[PDB]
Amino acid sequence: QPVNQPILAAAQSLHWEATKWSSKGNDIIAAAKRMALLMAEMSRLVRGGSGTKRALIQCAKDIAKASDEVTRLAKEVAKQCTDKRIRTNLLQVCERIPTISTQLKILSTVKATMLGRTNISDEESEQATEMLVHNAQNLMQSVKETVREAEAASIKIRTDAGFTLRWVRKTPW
């Protein structure tokens, strides 16, 4: 029942952004929603005492897989974008995500191995937790920025080229 509040808040931050749009014809939106949902599960798992070890590692694996989908798709959009200013801005963020999510897998495994066990101090334990939480905030923020910029980039899409990603806002009606 206990939940690591900053991870849950980072997850809700991403969710608030992703749910501004429909997933229909929008994978970036679908993957971002999945990440937000998985990251909320992560806050339960880090704060949960047992059985977390297998689930903590799998949750990080799921989140990293969803991030590769976000990165892969956001890179195509940058490619089809005429505005260099937006194209350049989107690409760096897309590039950073794989590094952050690779780090999520490492830190989740570290936190998972160091659990239940009384060998390590409460200091090393909290630190492992804080490293994980920091990575989670960074990841949530990077995907949120990627969602916002990918939408901004769609406006400038090369005229009549390939297939675009559909941006429909659900806030109205």
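Quick note: we count residues from 1 along the sequence shown, nothing fancier.
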Pick between 46-54 and 61-69: the one whose mean CA B-factor in the entry is higher. 46-54
Could you settle it for me: does 12-20 or 160-168 have the higher average Cα B factor in the PDB entry? 160-168
For the listed residues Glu130, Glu145, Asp27, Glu123, which one has the largest C-alpha B-factor as given in the deposited model? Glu123
Of the three thirds of Cα B-factor ranks in this chain, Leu107 occupies the middle
Looking at the entry's B-factor column for C-alpha atoms only, identify whether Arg117 ranks in the lowest, middle or highest third of its chain. highest
